[PDB]
Amino acid sequence: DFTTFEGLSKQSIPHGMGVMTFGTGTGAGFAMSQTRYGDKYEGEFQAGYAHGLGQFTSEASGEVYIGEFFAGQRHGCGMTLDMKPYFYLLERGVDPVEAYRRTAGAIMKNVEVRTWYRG
Amino acid sequence: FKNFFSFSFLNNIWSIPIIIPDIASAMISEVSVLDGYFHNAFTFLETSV
Amino acid sequence: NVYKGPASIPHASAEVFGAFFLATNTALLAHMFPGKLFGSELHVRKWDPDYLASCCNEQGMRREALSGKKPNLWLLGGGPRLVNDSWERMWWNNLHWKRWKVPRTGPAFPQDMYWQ
Amino acid sequence: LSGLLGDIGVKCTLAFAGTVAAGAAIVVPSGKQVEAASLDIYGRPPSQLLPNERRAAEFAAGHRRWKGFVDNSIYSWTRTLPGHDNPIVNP
Amino acid sequence: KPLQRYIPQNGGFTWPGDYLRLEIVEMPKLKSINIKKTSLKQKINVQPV
Amino acid sequence: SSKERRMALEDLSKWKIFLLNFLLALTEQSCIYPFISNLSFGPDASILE
Amino acid sequence: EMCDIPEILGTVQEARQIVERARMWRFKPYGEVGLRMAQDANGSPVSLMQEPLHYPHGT
Ligand SMILES: CCCCCCCCCCCC
Ligand SMILES: CCCCCCCCCCCC
């Protein structure tokens, strides 16, 4: 399904640290509806699950999550950003400096800090 | 045998052009602006001496 | 004095067999111990094919760019196949060449010495 | 030279070449791809077809020719004689 | 028992897109015409869906 | 070499001697003492750069 | 028990370290992902500068 994984592995299962890019479908214990084509998870893996500390990035939607994961779901402290306007301006031919200058304040104001329990 | 005899193997392709994608089509998630003045899209003019 | 067969049919000497035997044994011994062959080792090749291809591509692209034309990259194995199903099939030749990187370069026998 | 024909390898190579030549004579189509195969299997002119589709059309035409030959020439001759008691494996 | 290892492997006997469609699997085929008394020579095993 | 053919050298023999080494220079041959035949008096990894 | 602001800040600070350390397994020189997912604008494969001995184009 073009889902790719690069990182440490025990036996044949992802184990340790690594980066996983999602294609069609899902992986690393994530729900089928959470991911899209091109999203990535970087951080700790354990028994094929995104378990530990990590960061989830979605280029299509702009959501960025940094923090704790248990099993395959968010569980612990986390920080959420919505960089959608920056990507929107970047994809429309605007140089990164100008897009950052335009959309830094709104993104900084909407930074969220949260505690998650079983997703 | 027809390909071997007709000299049609001289039309084989071995080379392709390389085109650099712009920042719009690149990994925009990797591009980040530092201090509001620089970014990570590195492009230097090959070798200048 | 003995017949030893007709002279029309070629005969192989014993020196060639002795040389073959000693050469095989010495090749195995030299492969086993990399650092003992007069302080040096035994190499199958001089330059890796990928290194030569990269150098040649670099020089060719430099020459083409300086001449005022868009450079081209020559692929080891062959070019693309005009197909509309899957990306792997389109670039099967270059992928086939690149997938043999480890077996082509590295030796099959263990690199170091064990039990001694 | 009869000396070449004396060797077994030359005879085997000649037999293989003759078999290949006969097969190509009896199965290679000509003008039946666009007429029958291409329009039937893709409904498009052979020129507009992808390179991997033209080969499929040619293979279909050749297979049709092979079946026609094996039915109209060999099987009619060998089946004019009816079932001659049809020996079967006893054990 | 020897442990199974889940490593994706590269194409063989077919292009990566498809699978072996014409593989022969031993399962009886049923004729639409009713057969009053004729053993299938191979039981269909688990009958219900 | 094993058959030990010895005779006065003609032009054809000399050209055979030339051609043997000329063709052998285009293949991968066993090399003793590496890391010394690959040295170069310059800021490079070999002499081909 | 809900995390407070210092705990969340420390968790993010450590998570960034973890992500940076994990991003070092991302572009294995000769691997399937690197060979099949590193493409130029037209989608053709590119020769990534990851040779152990060759540093071309004044790099
Ligand atoms: C092995 C079959 C192809 C060999 C071709 C060698 C020379 C290619 C020259 C191409 C010029 C356009
Ligand atoms: C050497 C064995 C094959 C030689 C004959 C080739 C048969 C196909 C020829 C087709 C010509 C139109």
Side-chain angles (χ1 to χ4, degrees), chain B residues 1-19, chain C residues 47 49-83 89-100 104, chain D residues 1-34 36-38 46-47 49 51-52 54-70 73, chain F residues 22-23 25-28 48, chain G residues 42 44-45 47:
Chain B
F1 275 155
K2 180 180 180 180
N3 291 19
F4 172 78
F5 154 78
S6 179
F7 289 154
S8 180
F9 67 102
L10 265 301
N11 298 333
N12 273 258
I13 303 179
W14 290 84
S15 60
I16 57 176
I18 301 301
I19 300 304
Chain C
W47 301 299
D50 301 76
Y51 181 84
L52 304 183
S54 181
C55 295
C56 202
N57 279 284
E58 174 193 10
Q59 296 297 142
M61 288 187 298
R62 276 211 192 100
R63 177 176 48 85
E64 291 176 4
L66 294 181
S67 180
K69 65 185 62 180
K70 303 177 182 178
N72 297 87
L73 178 66
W74 283 61
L75 301 174
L76 288 171
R81 301 178 181 179
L82 182 55
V83 296
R89 181 182 179 182
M90 185 175 184
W91 303 93
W92 176 260
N93 298 326
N94 196 21
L95 266 178
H96 174 70
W97 169 267
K98 289 185 174 182
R99 279 166 174 171
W100 287 99
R104 176 168 57 253
Chain D
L1 286 312
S2 182
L4 301 180
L5 275 303
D7 195 6
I8 175 65
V10 183
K11 294 166 54 183
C12 297
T13 303
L14 289 181
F16 184 83
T19 300
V20 172
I26 65 170
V27 317
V28 162
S30 58
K32 316 180 190 64
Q33 305 84 253
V34 46
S38 180
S47 58
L49 295 183
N52 67 276
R54 187 179 298 101
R55 297 180 62 259
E58 295 178 0
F59 173 87
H63 193 44
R64 288 201 182 103
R65 295 230 317 180
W66 162 262
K67 285 199 276 73
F69 164 77
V70 80
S73 299
Chain F
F22 180 81
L23 286 181
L26 292 181
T27 63
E28 301 184 14
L48 306 165
Chain G
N42 295 335
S44 54
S47 180

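Atoms within a ligand are numbered from 1 in the order they appear, just like the ligands themselves. All heavy atoms count here, side chains included; hydrogens, waters and symmetry mates do not. Proteins get letters first, then strands, A, B, ... in listed order; numbering begins at 1 in each.
Across all their heavy atoms, D:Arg54 and D:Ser47 have their closest contact at NH2-O, 3.4 Å.
Shown in contact with B:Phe9 at under 4.0 Å from a heavy atom are these atoms of ligand 1, numbered in order with element: 2 (C), 3 (C).
Taking the side chain as every heavy atom from C-beta outward, C:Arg104 and C:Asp50 approach each other to under 4.5 Å. The shortest distance between side-chain heavy atoms of D:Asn52 and C:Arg89 falls below 4.5 Å.
At a distance under 4.0 Å, no protein heavy atom can be found next to atom 5 (C) of ligand 1. Within 4.0 Å of atom 11 (C) of ligand 2, not a single protein heavy atom is present.
Residue, atom and distance of the protein heavy atom nearest to atom 1 (C) of ligand 1 are B:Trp14 CZ2, 4.9 Å. With respect to atom 9 (C) of ligand 1, the closest heavy atom belonging to the protein is B:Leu10 CD1, 4.3 Å. In this structure, atom 2 (C) of ligand 2 lies nearest to the protein heavy atom B:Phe1 CE1, 3.7 Å. Atom 8 (C) of ligand 2 has as its closest protein heavy atom D:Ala24 CB, 4.5 Å.
A salt bridge links C:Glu58 with C:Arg62: the closest approach of a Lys/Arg side-chain nitrogen to an acidic carboxylate oxygen falls below 4.0 angstrom.
Put simply, CE on C:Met90 and CG on C:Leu95 are 12.0 Å apart, with the number rounded to the nearest 0.5 Å. In this structure, C:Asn93 CG and C:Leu76 CG are separated by 11.5 Å, a value rounded to the nearest 0.5 Å.
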